[PDB]
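Novice: Please find coords-v8.cif (mmCIF, C-alpha atoms and all ligand atoms) on the next line:
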```cif
data_start
#
loop_
_atom_site.label_atom_id
_atom_site.label_comp_id
_atom_site.auth_asym_id
_atom_site.auth_seq_id
_atom_site.Cartn_x
_atom_site.Cartn_y
_atom_site.Cartn_z
CA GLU R 4 -104.55 45.07 -106.28
CA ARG R 5 -107.80 43.79 -107.79
CA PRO R 6 -106.99 41.44 -110.69
CA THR R 7 -108.58 41.87 -114.12
CA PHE R 8 -111.65 39.65 -114.65
CA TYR R 9 -113.01 38.17 -117.88
CA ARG R 10 -116.38 36.62 -118.64
CA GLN R 11 -117.57 33.51 -120.37
CA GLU R 12 -120.79 31.54 -120.38
CA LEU R 13 -120.69 27.86 -119.43
CA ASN R 14 -123.84 25.75 -119.68
CA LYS R 15 -126.09 28.80 -119.48
CA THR R 16 -124.16 30.26 -116.56
CA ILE R 17 -121.96 33.33 -116.62
CA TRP R 18 -118.52 32.95 -115.04
CA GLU R 19 -116.60 36.16 -114.34
CA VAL R 20 -113.17 35.29 -113.01
CA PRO R 21 -109.59 36.62 -112.66
CA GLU R 22 -107.42 36.20 -115.79
CA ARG R 23 -105.11 33.84 -113.91
CA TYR R 24 -107.83 31.14 -114.20
CA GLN R 25 -107.89 29.57 -117.65
CA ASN R 26 -109.30 26.50 -119.38
CA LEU R 27 -112.58 26.65 -117.44
CA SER R 28 -114.71 23.56 -118.17
CA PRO R 29 -117.94 22.38 -116.45
CA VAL R 30 -118.01 19.31 -114.24
CA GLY R 31 -120.89 17.24 -112.84
CA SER R 32 -123.51 18.58 -115.29
CA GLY R 33 -125.04 20.62 -112.45
CA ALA R 34 -126.27 17.99 -110.01
CA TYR R 35 -123.97 19.56 -107.39
CA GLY R 36 -124.28 23.24 -108.30
CA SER R 37 -122.17 25.37 -110.62
CA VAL R 38 -118.69 23.87 -110.65
CA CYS R 39 -115.83 24.11 -113.17
CA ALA R 40 -112.37 22.66 -113.51
CA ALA R 41 -109.69 25.22 -114.42
CA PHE R 42 -105.97 25.84 -114.61
CA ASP R 43 -104.49 28.45 -112.23
CA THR R 44 -101.66 29.90 -114.35
CA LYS R 45 -100.34 31.81 -111.37
CA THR R 46 -99.67 28.71 -109.23
CA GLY R 47 -99.45 25.97 -111.84
CA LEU R 48 -102.26 24.16 -110.01
CA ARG R 49 -105.32 22.46 -111.51
CA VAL R 50 -108.28 23.85 -109.58
CA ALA R 51 -111.98 23.24 -109.01
CA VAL R 52 -114.12 26.40 -108.78
CA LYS R 53 -117.63 26.59 -107.30
CA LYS R 54 -119.80 29.62 -108.05
CA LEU R 55 -122.49 30.46 -105.50
CA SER R 56 -125.18 32.57 -107.26
CA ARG R 57 -127.68 34.68 -105.29
CA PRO R 58 -126.17 33.36 -102.01
CA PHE R 59 -128.21 35.99 -100.16
CA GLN R 60 -131.77 35.31 -101.34
CA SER R 61 -133.00 34.71 -97.76
CA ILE R 62 -131.82 34.71 -94.14
CA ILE R 63 -131.34 30.94 -94.25
CA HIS R 64 -129.29 31.06 -97.48
CA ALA R 65 -127.29 34.12 -96.47
CA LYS R 66 -126.32 32.39 -93.20
CA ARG R 67 -125.49 29.17 -95.07
CA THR R 68 -123.25 31.14 -97.45
CA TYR R 69 -121.44 32.71 -94.49
CA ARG R 70 -121.13 29.34 -92.72
CA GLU R 71 -119.56 27.62 -95.73
CA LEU R 72 -117.15 30.47 -96.38
CA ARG R 73 -116.07 30.57 -92.71
CA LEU R 74 -115.59 26.79 -92.65
CA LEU R 75 -113.61 26.64 -95.89
CA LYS R 76 -111.39 29.55 -94.88
CA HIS R 77 -110.54 27.89 -91.59
CA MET R 78 -109.26 24.59 -93.09
CA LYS R 79 -105.61 24.35 -94.04
CA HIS R 80 -104.68 20.66 -94.10
CA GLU R 81 -103.65 18.24 -96.88
CA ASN R 82 -106.58 15.90 -96.26
CA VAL R 83 -109.31 18.54 -95.95
CA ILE R 84 -110.73 20.58 -98.78
CA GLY R 85 -109.64 24.19 -98.22
CA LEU R 86 -109.43 27.51 -100.08
CA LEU R 87 -106.76 28.42 -102.59
CA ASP R 88 -108.80 31.56 -103.39
CA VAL R 89 -112.22 33.16 -102.96
CA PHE R 90 -113.34 36.17 -104.98
CA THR R 91 -116.18 38.24 -106.31
CA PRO R 92 -116.24 40.41 -109.45
CA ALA R 93 -118.05 43.01 -107.31
CA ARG R 94 -116.24 46.22 -106.52
CA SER R 95 -118.42 47.10 -103.51
CA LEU R 96 -120.76 45.66 -100.90
CA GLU R 97 -123.80 47.05 -102.75
CA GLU R 98 -123.16 45.17 -105.98
CA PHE R 99 -121.78 42.11 -104.14
CA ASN R 100 -124.05 39.21 -105.08
CA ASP R 101 -121.90 36.24 -106.04
CA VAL R 102 -119.13 34.24 -104.43
CA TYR R 103 -116.56 32.01 -106.16
CA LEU R 104 -114.67 29.38 -104.16
CA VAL R 105 -111.40 27.98 -105.54
CA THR R 106 -109.85 24.69 -104.35
CA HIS R 107 -107.47 21.94 -105.49
CA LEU R 108 -108.93 19.83 -108.28
CA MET R 109 -109.15 16.20 -107.17
CA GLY R 110 -111.50 15.08 -109.95
CA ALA R 111 -113.39 12.17 -108.41
CA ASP R 112 -114.99 10.96 -105.19
CA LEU R 113 -114.36 7.59 -103.53
CA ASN R 114 -117.89 6.28 -104.17
CA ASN R 115 -117.70 6.97 -107.90
CA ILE R 116 -114.37 5.12 -108.09
CA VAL R 117 -114.49 2.14 -105.71
CA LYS R 118 -118.16 1.34 -105.09
CA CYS R 119 -118.78 -2.43 -105.15
CA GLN R 120 -115.05 -3.18 -105.13
CA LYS R 121 -112.97 -4.87 -102.46
CA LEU R 122 -109.67 -2.96 -102.08
CA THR R 123 -106.32 -4.41 -100.99
CA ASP R 124 -105.44 -4.01 -97.32
CA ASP R 125 -102.54 -1.66 -98.03
CA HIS R 126 -104.88 0.52 -100.16
CA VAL R 127 -107.45 0.59 -97.30
CA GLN R 128 -104.64 1.50 -94.90
CA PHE R 129 -103.66 4.53 -97.05
CA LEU R 130 -107.23 5.70 -97.61
CA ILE R 131 -108.41 5.36 -94.02
CA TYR R 132 -105.13 6.82 -92.72
CA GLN R 133 -105.72 10.04 -94.70
CA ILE R 134 -109.35 10.23 -93.61
CA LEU R 135 -108.34 9.98 -89.96
CA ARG R 136 -105.45 12.42 -90.43
CA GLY R 137 -107.91 14.99 -91.83
CA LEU R 138 -110.54 14.11 -89.21
CA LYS R 139 -108.02 14.62 -86.39
CA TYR R 140 -107.45 18.12 -87.77
CA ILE R 141 -111.18 18.92 -88.19
CA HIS R 142 -112.05 17.62 -84.72
CA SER R 143 -109.20 19.54 -83.08
CA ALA R 144 -110.92 22.71 -84.35
CA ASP R 145 -114.16 21.69 -82.57
CA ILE R 146 -115.88 21.03 -85.89
CA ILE R 147 -118.00 17.93 -86.42
CA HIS R 148 -118.25 16.69 -90.02
CA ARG R 149 -121.59 14.98 -89.38
CA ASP R 150 -122.00 13.44 -92.83
CA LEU R 151 -118.90 11.50 -93.77
CA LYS R 152 -119.53 9.01 -96.64
CA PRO R 153 -117.65 7.84 -99.77
CA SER R 154 -119.24 10.50 -101.94
CA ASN R 155 -117.78 13.19 -99.60
CA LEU R 156 -114.20 12.01 -100.06
CA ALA R 157 -112.46 13.65 -103.01
CA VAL R 158 -109.67 11.51 -104.41
CA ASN R 159 -107.23 11.84 -107.29
CA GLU R 160 -105.59 9.25 -109.53
CA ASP R 161 -102.92 8.56 -106.89
CA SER R 162 -105.49 7.90 -104.18
CA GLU R 163 -104.65 11.13 -102.39
CA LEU R 164 -107.70 12.23 -100.46
CA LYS R 165 -109.37 15.42 -99.27
CA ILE R 166 -112.54 15.47 -97.12
CA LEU R 167 -115.48 17.52 -98.53
CA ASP R 168 -118.60 19.02 -96.91
CA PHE R 169 -117.61 19.18 -93.25
CA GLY R 170 -120.03 21.04 -90.98
CA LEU R 171 -122.74 21.48 -93.63
CA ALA R 172 -125.59 19.09 -92.72
CA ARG R 173 -128.87 20.13 -94.30
CA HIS R 174 -130.30 16.77 -95.43
CA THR R 175 -134.09 16.81 -95.71
CA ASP R 176 -136.10 14.02 -94.07
CA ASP R 177 -137.12 12.73 -97.47
CA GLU R 178 -133.46 12.52 -98.52
CA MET R 179 -132.79 10.35 -95.45
CA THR R 180 -135.70 8.03 -96.17
CA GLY R 181 -135.47 4.50 -97.48
CA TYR R 182 -132.65 2.57 -99.09
CA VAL R 183 -130.25 5.52 -99.29
CA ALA R 184 -126.50 6.09 -98.84
CA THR R 185 -127.36 9.42 -97.20
CA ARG R 186 -128.22 7.44 -94.05
CA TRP R 187 -126.06 4.25 -94.19
CA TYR R 188 -122.91 5.85 -92.74
CA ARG R 189 -124.69 7.71 -89.90
CA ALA R 190 -124.04 6.87 -86.26
CA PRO R 191 -127.15 5.49 -84.60
CA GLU R 192 -127.34 8.17 -81.91
CA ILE R 193 -127.68 10.79 -84.65
CA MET R 194 -129.82 8.72 -87.04
CA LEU R 195 -132.51 8.42 -84.36
CA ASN R 196 -131.58 11.50 -82.28
CA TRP R 197 -130.82 9.57 -79.10
CA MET R 198 -128.92 12.38 -77.41
CA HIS R 199 -126.89 15.51 -78.05
CA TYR R 200 -124.22 14.08 -80.30
CA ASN R 201 -120.59 15.13 -80.67
CA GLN R 202 -117.53 14.47 -82.85
CA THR R 203 -117.59 10.77 -82.05
CA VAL R 204 -120.38 10.39 -84.66
CA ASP R 205 -117.72 10.78 -87.39
CA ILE R 206 -115.63 7.84 -86.17
CA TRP R 207 -118.65 5.54 -86.62
CA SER R 208 -118.84 6.78 -90.23
CA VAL R 209 -115.14 6.00 -90.80
CA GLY R 210 -115.82 2.49 -89.48
CA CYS R 211 -118.67 2.05 -91.99
CA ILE R 212 -116.46 3.36 -94.76
CA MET R 213 -113.50 1.12 -93.83
CA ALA R 214 -115.56 -2.05 -93.68
CA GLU R 215 -116.98 -1.26 -97.11
CA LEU R 216 -113.52 -0.72 -98.67
CA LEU R 217 -112.37 -4.04 -97.19
CA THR R 218 -115.36 -6.06 -98.40
CA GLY R 219 -116.77 -4.20 -101.37
CA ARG R 220 -120.12 -4.25 -99.51
CA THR R 221 -122.16 -1.56 -97.72
CA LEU R 222 -121.88 -2.34 -94.01
CA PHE R 223 -125.40 -1.29 -92.91
CA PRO R 224 -127.52 -0.92 -96.07
CA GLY R 225 -130.85 -0.37 -94.32
CA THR R 226 -134.09 -0.11 -96.30
CA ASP R 227 -135.19 2.52 -93.67
CA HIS R 228 -134.19 3.87 -90.19
CA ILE R 229 -135.61 0.91 -88.24
CA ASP R 230 -134.28 -1.76 -90.56
CA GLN R 231 -130.88 -0.08 -90.42
CA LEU R 232 -130.95 0.08 -86.60
CA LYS R 233 -131.66 -3.68 -86.56
CA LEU R 234 -128.73 -4.32 -88.92
CA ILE R 235 -126.51 -2.27 -86.62
CA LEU R 236 -127.55 -3.91 -83.33
CA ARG R 237 -127.25 -7.38 -84.83
CA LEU R 238 -123.56 -6.62 -85.40
CA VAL R 239 -122.63 -4.56 -82.34
CA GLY R 240 -125.19 -5.88 -79.87
CA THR R 241 -128.17 -4.15 -78.26
CA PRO R 242 -127.45 -1.31 -75.78
CA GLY R 243 -126.35 -2.20 -72.27
CA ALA R 244 -127.74 -0.55 -69.12
CA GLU R 245 -125.02 2.11 -69.00
CA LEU R 246 -125.72 3.27 -72.57
CA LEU R 247 -129.48 3.18 -72.10
CA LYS R 248 -129.17 5.81 -69.38
CA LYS R 249 -127.24 8.07 -71.75
CA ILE R 250 -130.14 8.04 -74.20
CA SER R 251 -131.84 11.24 -73.11
CA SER R 252 -134.68 10.75 -75.57
CA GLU R 253 -137.37 8.99 -73.54
CA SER R 254 -139.19 7.80 -76.65
CA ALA R 255 -136.06 6.48 -78.33
CA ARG R 256 -134.99 4.72 -75.09
CA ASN R 257 -138.37 3.09 -74.66
CA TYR R 258 -138.29 1.78 -78.25
CA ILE R 259 -134.77 0.37 -77.88
CA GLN R 260 -135.84 -1.55 -74.79
CA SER R 261 -138.63 -3.24 -76.70
CA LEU R 262 -136.05 -5.16 -78.76
CA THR R 263 -134.80 -8.67 -77.96
CA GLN R 264 -131.30 -8.32 -76.50
CA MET R 265 -128.46 -9.50 -78.71
CA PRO R 266 -124.74 -9.83 -78.06
CA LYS R 267 -122.03 -8.22 -80.17
CA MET R 268 -120.90 -10.56 -82.97
CA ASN R 269 -117.33 -11.82 -83.46
CA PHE R 270 -115.88 -9.41 -86.10
CA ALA R 271 -113.26 -11.98 -87.18
CA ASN R 272 -116.16 -14.13 -88.35
CA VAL R 273 -117.82 -11.22 -90.10
CA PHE R 274 -114.75 -9.83 -91.85
CA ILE R 275 -113.31 -13.20 -92.81
CA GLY R 276 -109.76 -13.09 -94.02
CA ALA R 277 -109.13 -9.48 -93.14
CA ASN R 278 -105.98 -8.23 -91.52
CA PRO R 279 -106.39 -8.87 -87.74
CA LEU R 280 -105.33 -5.25 -87.07
CA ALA R 281 -108.13 -3.98 -89.36
CA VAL R 282 -110.61 -6.19 -87.49
CA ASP R 283 -109.37 -4.82 -84.17
CA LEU R 284 -109.61 -1.18 -85.42
CA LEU R 285 -113.14 -1.78 -86.75
CA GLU R 286 -114.16 -3.16 -83.35
CA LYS R 287 -112.79 0.01 -81.76
CA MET R 288 -114.58 2.38 -84.16
CA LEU R 289 -117.94 0.56 -84.33
CA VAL R 290 -118.82 0.77 -80.62
CA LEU R 291 -122.45 1.54 -79.95
CA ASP R 292 -121.71 3.78 -76.98
CA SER R 293 -120.02 6.76 -78.60
CA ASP R 294 -118.13 7.61 -75.39
CA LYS R 295 -116.10 4.44 -75.89
CA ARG R 296 -115.18 4.69 -79.56
CA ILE R 297 -111.52 5.28 -80.42
CA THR R 298 -110.82 8.94 -81.39
CA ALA R 299 -109.11 10.00 -84.58
CA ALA R 300 -105.93 10.96 -82.64
CA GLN R 301 -105.82 7.53 -80.94
CA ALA R 302 -106.63 5.62 -84.16
CA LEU R 303 -103.66 7.22 -86.02
CA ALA R 304 -101.39 5.61 -83.43
CA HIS R 305 -103.02 2.19 -83.94
CA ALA R 306 -100.71 -0.57 -85.28
CA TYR R 307 -102.83 -0.90 -88.41
CA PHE R 308 -101.28 2.38 -89.63
CA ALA R 309 -97.66 1.62 -88.67
CA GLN R 310 -96.52 2.09 -92.27
CA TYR R 311 -98.07 5.59 -92.48
CA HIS R 312 -98.21 7.05 -88.99
CA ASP R 313 -95.91 10.00 -88.17
CA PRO R 314 -96.75 11.87 -84.92
CA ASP R 315 -94.76 14.83 -86.17
CA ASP R 316 -96.83 15.12 -89.31
CA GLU R 317 -100.47 14.88 -88.19
CA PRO R 318 -101.14 18.56 -87.44
CA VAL R 319 -103.98 20.03 -85.47
CA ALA R 320 -105.96 23.18 -86.23
CA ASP R 321 -106.70 26.44 -84.51
CA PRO R 322 -110.02 26.55 -82.69
CA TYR R 323 -112.96 27.40 -84.95
CA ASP R 324 -115.31 30.10 -83.60
CA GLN R 325 -118.86 29.08 -84.44
CA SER R 326 -120.55 31.49 -82.08
CA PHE R 327 -122.28 32.97 -85.11
CA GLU R 328 -124.48 29.84 -85.27
CA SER R 329 -126.41 31.05 -82.20
CA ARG R 330 -127.21 34.47 -83.72
CA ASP R 331 -130.22 35.65 -85.65
CA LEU R 332 -129.17 38.43 -88.00
CA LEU R 333 -130.79 40.06 -91.01
CA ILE R 334 -129.94 39.15 -94.58
CA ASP R 335 -127.81 42.28 -95.01
CA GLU R 336 -125.86 41.61 -91.82
CA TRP R 337 -125.01 38.05 -92.94
CA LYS R 338 -124.12 39.45 -96.37
CA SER R 339 -121.84 42.11 -94.90
CA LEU R 340 -120.14 39.48 -92.69
CA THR R 341 -119.67 37.34 -95.82
CA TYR R 342 -118.29 40.29 -97.79
CA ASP R 343 -115.79 41.00 -94.97
CA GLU R 344 -114.58 37.39 -95.10
CA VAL R 345 -114.20 37.53 -98.91
CA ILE R 346 -112.19 40.78 -98.98
CA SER R 347 -109.99 39.76 -96.03
CA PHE R 348 -108.93 36.48 -97.65
CA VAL R 349 -105.19 35.90 -97.68
CA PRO R 350 -103.74 33.46 -100.28
CA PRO R 351 -101.90 30.36 -98.95
CA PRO R 352 -98.09 30.82 -98.72
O1 LIG R 401 -119.61 17.57 -103.67
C1 LIG R 401 -119.50 17.33 -104.87
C2 LIG R 401 -119.35 16.04 -105.51
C3 LIG R 401 -119.31 14.75 -104.94
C4 LIG R 401 -119.17 13.65 -105.83
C5 LIG R 401 -119.09 13.86 -107.25
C6 LIG R 401 -119.13 15.17 -107.79
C7 LIG R 401 -119.28 16.24 -106.88
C8 LIG R 401 -119.36 17.67 -107.12
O2 LIG R 401 -119.33 18.27 -108.20
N1 LIG R 401 -119.50 18.26 -105.89
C9 LIG R 401 -119.65 19.72 -105.73
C10 LIG R 401 -118.30 20.41 -105.64
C11 LIG R 401 -117.38 20.11 -104.49
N2 LIG R 401 -116.01 20.60 -104.51
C12 LIG R 401 -114.71 20.12 -104.97
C13 LIG R 401 -113.20 20.41 -104.88
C14 LIG R 401 -112.31 19.62 -105.55
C15 LIG R 401 -112.80 18.46 -106.37
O3 LIG R 401 -111.96 17.80 -106.94
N3 LIG R 401 -114.21 18.26 -106.40
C16 LIG R 401 -114.69 17.22 -107.15
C17 LIG R 401 -115.10 15.98 -106.53
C18 LIG R 401 -115.60 14.90 -107.34
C19 LIG R 401 -115.67 15.05 -108.79
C20 LIG R 401 -115.26 16.29 -109.41
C21 LIG R 401 -114.77 17.36 -108.59
CL1 LIG R 401 -114.28 18.85 -109.36
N4 LIG R 401 -115.07 19.01 -105.77
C22 LIG R 401 -115.79 21.89 -103.93
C23 LIG R 401 -115.76 22.01 -102.47
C24 LIG R 401 -115.56 23.28 -101.83
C25 LIG R 401 -115.38 24.44 -102.63
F1 LIG R 401 -115.20 25.59 -102.01
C26 LIG R 401 -115.39 24.41 -104.07
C27 LIG R 401 -115.60 23.15 -104.72
CL2 LIG R 401 -115.63 23.17 -106.44
#
```
In structure tokens, how does this file's structure come out?

Specialist:
Amino acid sequence: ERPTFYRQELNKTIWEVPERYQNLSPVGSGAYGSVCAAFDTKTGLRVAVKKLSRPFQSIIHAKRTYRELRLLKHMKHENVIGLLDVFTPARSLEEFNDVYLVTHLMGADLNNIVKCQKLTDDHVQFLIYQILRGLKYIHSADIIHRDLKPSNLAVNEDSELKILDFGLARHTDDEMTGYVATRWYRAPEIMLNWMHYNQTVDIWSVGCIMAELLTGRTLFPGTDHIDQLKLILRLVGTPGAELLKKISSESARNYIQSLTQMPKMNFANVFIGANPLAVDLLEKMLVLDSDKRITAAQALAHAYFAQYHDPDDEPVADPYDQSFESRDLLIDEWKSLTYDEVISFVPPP
């Protein structure tokens, strides 16, 4: 039941897709890869389509292609980007050399829309509520986003949100250097590799994002790793004895101890005028010791989200098997695994 495909060239790139997809038009000019907006005549849905070209040029790329396909296929939740379709014009494994990923078209990211703007409390409630609802789902699958930031939150005109880029963290050191948003939303334990981190790193990011929506200002806009750590500790206090022991990195621990101790600041005096429940939630997300941060499941039940919370409509996911991460396979083996995942795709109900 292979559909009929047609070809067209968009900004020097050939797109060969099923007839059901019409009105293809480029988006982003290429800064984020080959992406097009389109209309899915079969479902009546506006869609975003990403074409991965030569996804098997090396072991590293082949494995990355497999990883992204596996992650996207696993996610089926309103607040997480997932797959409406995935296809290849190839008729066999031999000619298989391109992968197209189809998702809901959102059309904008939170950073591009609200940067530098203070949002109303009810708007922050709605936006953070959806982020946490999607995070609860992602975390229940044993997946860590690792790089949550405004630019990774796809939003439409009605402020509906879907989380992008979960589980794909390949930021170069240079990209994390200096006065950059690539590092401002990172939990300290991961920014400076203090210990083996876990899903709690994402809650810190949500805290950074929430504070910024409430104030219109980046919470920890460090000029570099060290400056940023100082900005963080000035707000949440230097590490106590209990947390110091959890820092398994001897070098990191020794550096932290060289700093003058500081107490946690009063958040009501930092976030002046904010809803007391938002201040309380921020204090519960922005805890230095990750073991003590509120989890996404617990935060959804927090009073701040009383107007949105519904325990019968905050679904969890099936467990995600990432055992493949520990394997070293050849390009062709990764490619065959990817091909299997493409041909076994089953459209959403
Ligand atoms: O990650 C970004 C981003 C962030 C901010 C601004 C623009 C962009 C962008 O083009 N990308 C790359 C595309 C990221 N993807 C999606 C999906 C839906 C979606 O509305 N957008 C999207 C986000 C912001 C501006 C335009 C678009 Cl079209 N992006 C995406 C994810 C997974 C998949 F399988 C296919 C696709 Cl097409």

Novice: Could you check which of R:300, R:280, R:108, R:151 is closest to ligand LIG 401 (chain R), using all atoms listed in the file?

Specialist: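 That would be R:108, the residue with the smallest distance to ligand LIG 401 (chain R).
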
Novice: Within 12 Å of residue 342 (chain R), counting all atoms listed in the file, which residues qualify if same-chain residues fewer than 4 places away don't, as a PyMOL selection string?

Specialist: chain R and resi 58-59+65+68-69+72-73+89-103+335-338+346-348

Novice: Counting all atoms listed in the file, figure out which residue out of R:226, R:28, R:133, R:231 gets nearest to residue 308 (chain R).

Specialist: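 Under the stated criterion, the closest residue is R:133.
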
Novice: Taking only C-alpha atoms and all ligand atoms into account, report as a PyMOL selection string which residues have an atom no farther than 7 Å from an atom of ligand LIG 401 (chain R).

Specialist: chain R and resi 30-31+35-36+38-40+51-53+75+84-86+104-112+154-155+157+167-168

Novice: With distances taken over all atoms listed in the file, which residue among R:156, R:345, R:262, R:20 lies nearest residue 8 (chain R)?

Specialist: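 Closest to residue 8 (chain R), using all atoms listed in the file: R:20.
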
Novice: Quick one: distance from CA of residue 318 (chain R) to CA of residue 140 (chain R) in Å, one decimal?

Specialist: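 Computed distance, CA of residue 318 (chain R) to CA of residue 140 (chain R), equals 6.3 Å.
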
Novice: Separation of CA of residue 196 (chain R) and CA of residue 211 (chain R), in Å?

Specialist: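 Rounded to one decimal, the two atoms are 18.7 Å apart.
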
Novice: Please list as a list in words every residue within 8 Å of residue 152 (chain R), counting only C-alpha atoms and excluding residues in the same chain fewer than 2 positions away.

Specialist: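 What passes the distance filter is residues 150, 154, 155, 156, 184, 185, 188, 208, 209 and 212 of chain R.
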
Novice: Once you have the residues from the selection above, write them out as a PDB file, keeping the file's coordinate frame, restricted to C-alpha atoms.

Specialist:
```pdb
ATOM      1  CA  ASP R 150    -122.000  13.440 -92.830  1.00  0.00           C
ATOM      2  CA  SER R 154    -119.240  10.500-101.940  1.00  0.00           C
ATOM      3  CA  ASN R 155    -117.780  13.190 -99.600  1.00  0.00           C
ATOM      4  CA  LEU R 156    -114.200  12.010-100.060  1.00  0.00           C
ATOM      5  CA  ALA R 184    -126.500   6.090 -98.840  1.00  0.00           C
ATOM      6  CA  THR R 185    -127.360   9.420 -97.200  1.00  0.00           C
ATOM      7  CA  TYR R 188    -122.910   5.850 -92.740  1.00  0.00           C
ATOM      8  CA  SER R 208    -118.840   6.780 -90.230  1.00  0.00           C
ATOM      9  CA  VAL R 209    -115.140   6.000 -90.800  1.00  0.00           C
ATOM     10  CA  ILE R 212    -116.460   3.360 -94.760  1.00  0.00           C
TER      11      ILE R 212
END
```

Novice: Give me the residues within 10 Å of residue 283 (chain R) as a PyMOL selection string, counting all atoms listed in the file and dropping any in the same chain fewer than 3 places off.

Specialist: chain R and resi 270-271+278-280+286-288+305-307

Novice: Here is a test: counting only C-alpha atoms, which residue of R:46, R:241, R:159, R:269 is nearest to residue 292 (chain R)?

Specialist: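 Closest to residue 292 (chain R) of all the choices is R:241.
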
Novice: Please, what distance in Å, to one decimal, runs between CA of residue 352 (chain R) and CA of residue 324 (chain R)?

Specialist: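 Here the two named atoms are 22.9 Å from each other.
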
Novice: Select, from R:255, R:281, R:289, R:171, the residue with the minimum atom-to-atom distance to residue 204 (chain R), counting only C-alpha atoms.

Specialist: R:289

Novice: What's around region 118-128 of chain R at 12 Å? Count all atoms listed in the file, leave out sequence neighbours fewer than 2 positions away in its own chain, and write the answer as a count of residues only.

Specialist: 51

Novice: Kindly indicate which residue among R:160, R:331, R:177, R:145 lies nearest to residue 78 (chain R), using all atoms listed in the file for the distances.

Specialist: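 With all atoms listed in the file as the atom set, the closest residue is R:145.
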
Novice: Within 8 Å of (-133.2, 6.1, -74.0) (file coordinates; only C-alpha atoms), which protein or nucleic acid residues are there? I'd like them as number ranges by chain.

Specialist: R: 197, 247-259

Novice: Which residues come within 9 Å of residue 237 (chain R), counting only C-alpha atoms, excluding same-chain residues fewer than 3 positions away, as a compact mmCIF listing (two decimals) with C-alpha atoms, in the coordinates of the input?

Specialist:
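selection_36.txt, freshly written:
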```
# COMPACT_ATOMS: atom_id res chain seq x y z
CA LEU R 232 -130.95 0.08 -86.60
CA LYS R 233 -131.66 -3.68 -86.56
CA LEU R 234 -128.73 -4.32 -88.92
CA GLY R 240 -125.19 -5.88 -79.87
CA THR R 241 -128.17 -4.15 -78.26
CA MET R 265 -128.46 -9.50 -78.71
CA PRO R 266 -124.74 -9.83 -78.06
CA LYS R 267 -122.03 -8.22 -80.17
CA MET R 268 -120.90 -10.56 -82.97
```

Novice: Counting all atoms listed in the file, which residues come within 8 Å of (-116.5, 11.0, -85.8), with the point read in the file's coordinates, and could you list them as a short mmCIF file (atom, residue, chain, number, x, y, z; two decimals) with C-alpha atoms, in the frame of the given file?

Specialist:
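Written out: point.cif:
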```
data_model
loop_
_atom_site.label_atom_id
_atom_site.label_comp_id
_atom_site.auth_asym_id
_atom_site.auth_seq_id
_atom_site.Cartn_x
_atom_site.Cartn_y
_atom_site.Cartn_z
CA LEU R 138 -110.54 14.11 -89.21
CA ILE R 147 -118.00 17.93 -86.42
CA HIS R 148 -118.25 16.69 -90.02
CA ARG R 149 -121.59 14.98 -89.38
CA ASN R 201 -120.59 15.13 -80.67
CA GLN R 202 -117.53 14.47 -82.85
CA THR R 203 -117.59 10.77 -82.05
CA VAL R 204 -120.38 10.39 -84.66
CA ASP R 205 -117.72 10.78 -87.39
CA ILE R 206 -115.63 7.84 -86.17
CA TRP R 207 -118.65 5.54 -86.62
CA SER R 208 -118.84 6.78 -90.23
CA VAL R 209 -115.14 6.00 -90.80
CA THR R 298 -110.82 8.94 -81.39
CA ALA R 299 -109.11 10.00 -84.58
#
```
